[PDB]
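J.: my_file.csv is reproduced in full below (CSV, C-alpha atoms and all ligand atoms).
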```
chain,number,residue,atom,x,y,z
V,1,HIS,CA,67.9,126.1,240.6
V,2,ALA,CA,71.1,124.1,240.8
V,3,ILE,CA,74.3,123.5,238.9
V,4,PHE,CA,76.1,120.2,238.1
V,5,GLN,CA,79.6,121.4,239.2
V,6,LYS,CA,81.8,118.5,240.4
V,7,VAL,CA,82.7,114.9,239.4
V,8,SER,CA,83.8,112.0,241.6
V,9,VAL,CA,85.4,108.8,240.3
V,10,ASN,CA,85.0,105.8,242.6
V,11,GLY,CA,84.7,108.2,245.5
V,12,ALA,CA,87.7,110.4,244.5
V,13,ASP,CA,86.7,114.1,244.4
V,14,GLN,CA,88.1,115.5,241.1
V,15,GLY,CA,87.7,119.1,242.3
V,16,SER,CA,85.1,121.9,241.8
V,17,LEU,CA,84.4,122.4,238.1
V,18,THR,CA,87.4,120.2,237.1
V,19,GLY,CA,86.7,118.9,233.6
V,20,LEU,CA,83.3,120.6,233.4
V,21,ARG,CA,81.4,122.7,230.9
V,22,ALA,CA,78.9,124.2,233.4
V,23,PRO,CA,76.7,127.3,233.5
V,24,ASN,CA,77.7,130.3,235.5
V,25,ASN,CA,74.2,130.7,236.9
V,26,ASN,CA,71.6,128.3,238.3
V,27,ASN,CA,68.8,129.6,236.1
V,28,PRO,CA,66.9,126.8,234.3
V,29,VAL,CA,66.9,126.1,230.6
V,30,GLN,CA,63.2,125.9,229.4
V,31,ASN,CA,63.5,125.9,225.6
V,32,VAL,CA,64.2,122.3,224.6
V,33,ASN,CA,65.2,123.5,221.1
V,34,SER,CA,67.9,125.8,222.5
V,35,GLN,CA,71.6,124.9,222.2
V,36,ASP,CA,71.7,125.6,226.0
V,37,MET,CA,70.1,122.1,226.4
V,38,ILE,CA,73.4,120.4,225.4
V,39,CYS,CA,75.7,121.3,228.3
V,40,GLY,CA,73.6,124.0,230.0
V,41,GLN,CA,74.1,127.7,229.4
V,42,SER,CA,77.6,128.6,228.2
V,43,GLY,CA,79.6,129.4,231.3
V,44,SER,CA,82.9,127.9,232.7
V,45,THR,CA,85.0,125.5,230.6
V,46,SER,CA,87.9,123.4,231.9
V,47,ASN,CA,91.0,122.2,230.1
V,48,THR,CA,91.1,119.0,232.2
V,49,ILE,CA,89.9,115.7,230.8
V,50,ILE,CA,88.9,113.3,233.6
V,51,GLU,CA,90.5,109.9,233.3
V,52,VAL,CA,88.0,107.1,234.0
V,53,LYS,CA,87.8,103.4,233.6
V,54,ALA,CA,84.8,101.6,232.0
V,55,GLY,CA,82.6,100.4,234.8
V,56,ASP,CA,83.7,103.1,237.3
V,57,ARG,CA,81.3,104.6,239.8
V,58,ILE,CA,80.7,108.2,238.7
V,59,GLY,CA,79.4,110.8,241.0
V,60,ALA,CA,77.8,114.1,239.8
V,61,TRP,CA,77.3,116.9,242.3
V,62,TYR,CA,74.6,119.4,242.2
V,63,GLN,CA,74.5,122.5,244.5
V,64,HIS,CA,72.3,125.5,244.6
V,65,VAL,CA,75.1,127.8,243.4
V,66,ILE,CA,78.7,127.4,242.4
V,67,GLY,CA,80.5,126.3,245.6
V,68,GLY,CA,77.6,124.9,247.6
V,69,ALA,CA,74.8,126.5,249.6
V,70,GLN,CA,74.0,130.2,248.7
V,71,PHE,CA,73.8,131.1,252.4
V,72,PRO,CA,73.8,129.4,255.8
V,73,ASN,CA,71.0,126.9,256.2
V,74,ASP,CA,70.0,127.3,252.5
V,75,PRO,CA,66.8,125.3,252.2
V,76,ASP,CA,67.2,125.0,248.4
V,77,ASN,CA,70.6,123.4,248.6
V,78,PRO,CA,71.3,121.1,246.8
V,79,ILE,CA,68.1,121.9,245.1
V,80,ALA,CA,64.6,123.0,246.1
V,81,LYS,CA,62.5,120.1,247.5
V,82,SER,CA,59.6,121.1,245.2
V,83,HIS,CA,61.6,120.4,242.0
V,84,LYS,CA,60.4,116.8,241.6
V,85,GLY,CA,61.7,115.1,238.4
V,86,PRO,CA,64.1,112.7,236.8
V,87,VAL,CA,67.8,112.8,236.5
V,88,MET,CA,69.5,111.5,233.3
V,89,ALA,CA,73.0,110.9,232.1
V,90,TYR,CA,74.1,110.7,228.4
V,91,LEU,CA,77.4,110.0,226.6
V,92,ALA,CA,78.7,111.5,223.3
V,93,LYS,CA,81.8,110.1,221.7
V,94,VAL,CA,84.2,112.9,220.7
V,95,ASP,CA,87.8,112.9,219.5
V,96,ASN,CA,88.9,115.7,221.9
V,97,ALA,CA,86.7,116.3,224.9
V,98,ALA,CA,88.5,119.6,225.7
V,99,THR,CA,88.2,121.2,222.3
V,100,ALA,CA,85.2,119.4,220.6
V,101,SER,CA,82.2,121.7,219.8
V,102,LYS,CA,79.1,120.6,221.8
V,103,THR,CA,77.1,121.1,218.6
V,104,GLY,CA,75.9,118.2,216.5
V,105,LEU,CA,77.1,115.3,218.7
V,106,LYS,CA,75.5,111.8,218.7
V,107,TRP,CA,74.2,111.1,222.3
V,108,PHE,CA,73.1,107.9,223.9
V,109,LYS,CA,71.6,107.6,227.4
V,110,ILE,CA,73.5,105.5,229.9
V,111,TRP,CA,71.5,106.0,233.1
V,112,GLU,CA,68.5,107.5,234.6
V,113,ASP,CA,66.7,107.8,238.0
V,114,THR,CA,63.2,108.8,237.1
V,115,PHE,CA,60.1,108.1,239.2
V,116,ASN,CA,59.2,105.0,241.4
V,117,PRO,CA,55.4,104.9,241.5
V,118,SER,CA,55.1,102.6,244.5
V,119,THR,CA,57.6,104.6,246.6
V,120,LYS,CA,56.6,108.0,245.1
V,121,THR,CA,60.3,108.8,244.9
V,122,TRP,CA,61.7,111.0,242.1
V,123,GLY,CA,65.3,111.0,241.0
V,124,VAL,CA,65.6,114.6,242.5
V,125,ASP,CA,64.4,113.1,245.8
V,126,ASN,CA,67.4,110.8,245.8
V,127,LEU,CA,69.7,113.7,244.7
V,128,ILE,CA,68.5,115.7,247.7
V,129,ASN,CA,69.0,112.8,250.1
V,130,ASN,CA,72.5,112.2,248.7
V,131,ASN,CA,73.4,115.8,249.4
V,132,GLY,CA,73.4,116.7,245.7
V,133,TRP,CA,75.2,113.7,244.4
V,134,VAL,CA,73.8,111.3,241.8
V,135,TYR,CA,75.7,108.0,241.3
V,136,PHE,CA,75.9,105.8,238.2
V,137,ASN,CA,78.3,103.4,236.7
V,138,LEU,CA,79.8,103.9,233.3
V,139,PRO,CA,78.8,100.9,231.1
V,140,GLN,CA,81.5,98.2,231.1
V,141,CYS,CA,81.4,97.9,227.3
V,142,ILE,CA,81.8,101.5,226.1
V,143,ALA,CA,84.8,102.0,223.8
V,144,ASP,CA,88.0,103.7,224.9
V,145,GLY,CA,88.6,107.4,224.2
V,146,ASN,CA,87.1,110.8,224.9
V,147,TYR,CA,83.5,111.5,225.7
V,148,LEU,CA,81.3,114.3,226.9
V,149,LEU,CA,79.3,113.2,229.9
V,150,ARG,CA,76.0,115.0,230.1
V,151,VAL,CA,74.1,115.0,233.4
V,152,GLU,CA,70.6,116.5,233.4
V,153,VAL,CA,68.1,117.3,236.1
V,154,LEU,CA,64.5,117.9,234.8
V,155,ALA,CA,62.4,119.7,237.4
V,156,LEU,CA,58.6,119.4,236.8
V,157,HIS,CA,57.1,121.5,239.6
V,158,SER,CA,55.6,123.9,237.0
V,159,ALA,CA,55.8,121.6,234.0
V,160,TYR,CA,52.0,121.5,233.7
V,161,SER,CA,52.3,124.5,231.3
V,162,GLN,CA,54.0,124.3,227.9
V,163,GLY,CA,57.7,125.1,227.9
V,164,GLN,CA,57.8,125.5,231.7
V,165,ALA,CA,59.7,122.4,232.6
V,166,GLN,CA,63.1,123.4,234.0
V,167,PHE,CA,66.4,121.8,232.9
V,168,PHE,CA,69.7,122.0,234.8
V,169,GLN,CA,72.6,120.5,232.8
V,170,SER,CA,76.3,120.5,232.6
V,171,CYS,CA,78.9,118.4,230.7
V,172,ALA,CA,81.9,116.6,232.0
V,173,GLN,CA,85.0,115.9,229.8
V,174,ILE,CA,86.2,112.3,230.3
V,175,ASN,CA,88.5,109.8,228.7
V,176,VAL,CA,87.7,106.1,229.0
V,177,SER,CA,90.3,103.4,229.5
V,178,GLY,CA,89.8,99.6,229.9
V,179,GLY,CA,86.7,99.7,227.8
V,180,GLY,CA,84.9,97.3,225.4
V,181,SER,CA,83.7,97.5,221.8
V,182,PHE,CA,80.2,99.0,222.3
V,183,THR,CA,78.8,101.3,219.7
V,184,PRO,CA,75.3,102.6,220.1
V,185,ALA,CA,72.8,101.1,217.6
V,186,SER,CA,70.9,104.5,217.6
V,187,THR,CA,71.8,108.0,218.9
V,188,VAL,CA,69.9,111.2,219.5
V,189,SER,CA,70.6,114.9,218.9
V,190,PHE,CA,70.7,117.7,221.4
V,191,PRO,CA,68.7,119.8,220.8
V,192,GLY,CA,66.1,117.6,219.1
V,193,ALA,CA,65.7,114.5,221.2
V,194,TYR,CA,63.1,116.2,223.5
V,195,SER,CA,59.8,117.8,222.5
V,196,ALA,CA,57.9,120.2,224.7
V,197,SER,CA,54.8,117.9,224.2
V,198,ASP,CA,56.6,114.8,225.5
V,199,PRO,CA,54.5,113.1,228.3
V,200,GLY,CA,57.5,113.5,230.6
V,201,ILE,CA,58.0,117.2,229.9
V,202,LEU,CA,54.4,118.5,229.5
V,203,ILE,CA,53.0,116.9,232.6
V,204,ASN,CA,51.0,117.7,235.7
V,205,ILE,CA,52.7,115.8,238.6
V,206,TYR,CA,50.2,116.9,241.3
V,207,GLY,CA,47.7,114.4,242.7
V,208,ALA,CA,44.5,114.6,244.6
V,209,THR,CA,45.8,116.2,247.8
V,210,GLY,CA,48.1,118.6,245.9
V,211,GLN,CA,51.2,116.4,246.4
V,212,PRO,CA,53.8,116.0,243.6
V,213,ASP,CA,53.3,112.2,243.5
V,214,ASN,CA,52.3,111.9,239.8
V,215,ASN,CA,49.0,110.4,241.1
V,216,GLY,CA,51.1,107.2,241.7
V,217,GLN,CA,51.2,106.8,237.9
V,218,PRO,CA,54.2,105.6,235.9
V,219,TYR,CA,56.4,108.3,234.5
V,220,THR,CA,58.0,108.3,231.0
V,221,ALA,CA,61.3,110.1,230.9
V,222,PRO,CA,62.0,111.8,227.6
V,223,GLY,CA,64.7,110.7,225.2
V,224,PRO,CA,65.9,107.2,224.4
V,225,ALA,CA,66.1,104.3,226.8
V,226,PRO,CA,69.4,103.7,228.6
V,227,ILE,CA,71.7,101.4,226.6
V,228,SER,CA,72.6,97.9,227.8
V,229,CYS,CA,75.9,96.0,227.4
K,301,CU,CU,64.5,126.2,240.5
```
Show me, as structure tokens, the structure contained in the file I just sent.
T.:
Amino acid sequence: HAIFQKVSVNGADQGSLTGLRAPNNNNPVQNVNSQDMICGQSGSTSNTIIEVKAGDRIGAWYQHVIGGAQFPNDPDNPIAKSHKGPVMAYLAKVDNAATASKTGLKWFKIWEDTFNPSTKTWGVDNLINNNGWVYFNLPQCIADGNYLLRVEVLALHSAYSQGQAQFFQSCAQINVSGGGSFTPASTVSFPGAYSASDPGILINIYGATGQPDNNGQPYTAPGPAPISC
């Protein structure tokens, strides 16, 4: 249970919920065919469009609730340690990131932090150690203009049952300057890109000793592979 609620651009804090379409509650989305998969549950919307340069170091901040820890010494801030899973970031080109409908967009993945089998480290593990932040560079080649920036935590602690994987998503409204001429060869739909039966969604991550180490096996994140310039 956590909410993507803040963006940083090359270390510059943009402010809580500034430029975000984020849910009001930290409850997970579990139906991969729901419209809630696009930007999380409908909650707060911002009029701000975050100005970014292609290649910038983007930070995405998860916290247990809106504003940080739910209470002093909250053990589930930024997110419960049991919630092992990947973190993924997608882009969708839109004309107007402040007014565009989240429905029917053409998404492509730009980054993911999934699972390292030799270190037994999940993307969520890195999120926790970075105090809720996940860091990734916008591709140098993406074209100028407005995008929705979709960041997604997929918690797999009870994903061994159908439809029980937990998704925590929000969208950031951005405008890219100094970009290139990249257009994705292929795009995916949200909802639609994920299926409940995907090997990275319907999965038992627990090993011999009951640890969430995926039995040291490689993990296949759902959706397309990250694009390359
Ligand atoms: Cu949770």
J.: Can you work out the spacing between atom CA of residue V:129 and atom CA of residue V:21 in Å, to one decimal?
T.: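 For atom CA of residue V:129 relative to atom CA of residue V:21, the distance reads 24.9 Å.
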J.: Write out as a PyMOL selection string each polymer residue (protein, DNA or RNA) that has an atom no more than 12 Å from ligand CU 301 (chain K), with all atoms listed in the file counted.
T.: chain V and resi 1-3+25-30+63-65+75-85+124+153-159+164-168
J.: Taking C-alpha atoms for each residue, export the selection above as an mmCIF file, keeping the file's coordinate frame.
T.:
```
data_model
loop_
_atom_site.group_PDB
_atom_site.id
_atom_site.type_symbol
_atom_site.label_atom_id
_atom_site.label_comp_id
_atom_site.auth_asym_id
_atom_site.auth_seq_id
_atom_site.Cartn_x
_atom_site.Cartn_y
_atom_site.Cartn_z
ATOM 1 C CA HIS V 1 67.900 126.100 240.600
ATOM 2 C CA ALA V 2 71.100 124.100 240.800
ATOM 3 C CA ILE V 3 74.300 123.500 238.900
ATOM 4 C CA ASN V 25 74.200 130.700 236.900
ATOM 5 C CA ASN V 26 71.600 128.300 238.300
ATOM 6 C CA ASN V 27 68.800 129.600 236.100
ATOM 7 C CA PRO V 28 66.900 126.800 234.300
ATOM 8 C CA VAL V 29 66.900 126.100 230.600
ATOM 9 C CA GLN V 30 63.200 125.900 229.400
ATOM 10 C CA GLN V 63 74.500 122.500 244.500
ATOM 11 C CA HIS V 64 72.300 125.500 244.600
ATOM 12 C CA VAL V 65 75.100 127.800 243.400
ATOM 13 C CA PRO V 75 66.800 125.300 252.200
ATOM 14 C CA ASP V 76 67.200 125.000 248.400
ATOM 15 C CA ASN V 77 70.600 123.400 248.600
ATOM 16 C CA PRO V 78 71.300 121.100 246.800
ATOM 17 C CA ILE V 79 68.100 121.900 245.100
ATOM 18 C CA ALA V 80 64.600 123.000 246.100
ATOM 19 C CA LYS V 81 62.500 120.100 247.500
ATOM 20 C CA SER V 82 59.600 121.100 245.200
ATOM 21 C CA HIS V 83 61.600 120.400 242.000
ATOM 22 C CA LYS V 84 60.400 116.800 241.600
ATOM 23 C CA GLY V 85 61.700 115.100 238.400
ATOM 24 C CA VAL V 124 65.600 114.600 242.500
ATOM 25 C CA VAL V 153 68.100 117.300 236.100
ATOM 26 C CA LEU V 154 64.500 117.900 234.800
ATOM 27 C CA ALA V 155 62.400 119.700 237.400
ATOM 28 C CA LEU V 156 58.600 119.400 236.800
ATOM 29 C CA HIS V 157 57.100 121.500 239.600
ATOM 30 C CA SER V 158 55.600 123.900 237.000
ATOM 31 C CA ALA V 159 55.800 121.600 234.000
ATOM 32 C CA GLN V 164 57.800 125.500 231.700
ATOM 33 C CA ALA V 165 59.700 122.400 232.600
ATOM 34 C CA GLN V 166 63.100 123.400 234.000
ATOM 35 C CA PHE V 167 66.400 121.800 232.900
ATOM 36 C CA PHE V 168 69.700 122.000 234.800
#
```
J.: Which is closer to residue V:97 than all the others in V:161, V:173, V:126, V:45, using all atoms listed in the file?
T.: V:173
J.: Name the residues in contact with stretch 216-227 of chain V at a cut-off of 8 Å, using only C-alpha atoms, excluding same-chain residues fewer than 5 positions from it; report them as a list in words.
T.: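 Here the answer would be residues 86, 108, 109, 110, 111, 112, 114, 115, 116, 117, 118, 120, 184, 188, 193, 194, 198, 199, 200 and 201 of chain V.
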J.: For a test of reading the model, state the distance in Å between atom CA of residue V:96 and atom CA of residue V:134, rounded to one decimal.
T.: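 Atom CA of residue V:134 lies 25.4 Å from atom CA of residue V:96.
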J.: Using all atoms listed in the file, pick whichever of V:90, V:147, V:133, V:190 has the shortest atom-to-atom distance to residue V:6.
T.: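 Distance minimum relative to residue V:6 lands on V:133.
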J.: Using all atoms listed in the file, pick whichever of V:48, V:140, V:131, V:189 has the shortest atom-to-atom distance to residue V:103.
T.: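 Of all the options, V:189 lies closest to residue V:103.
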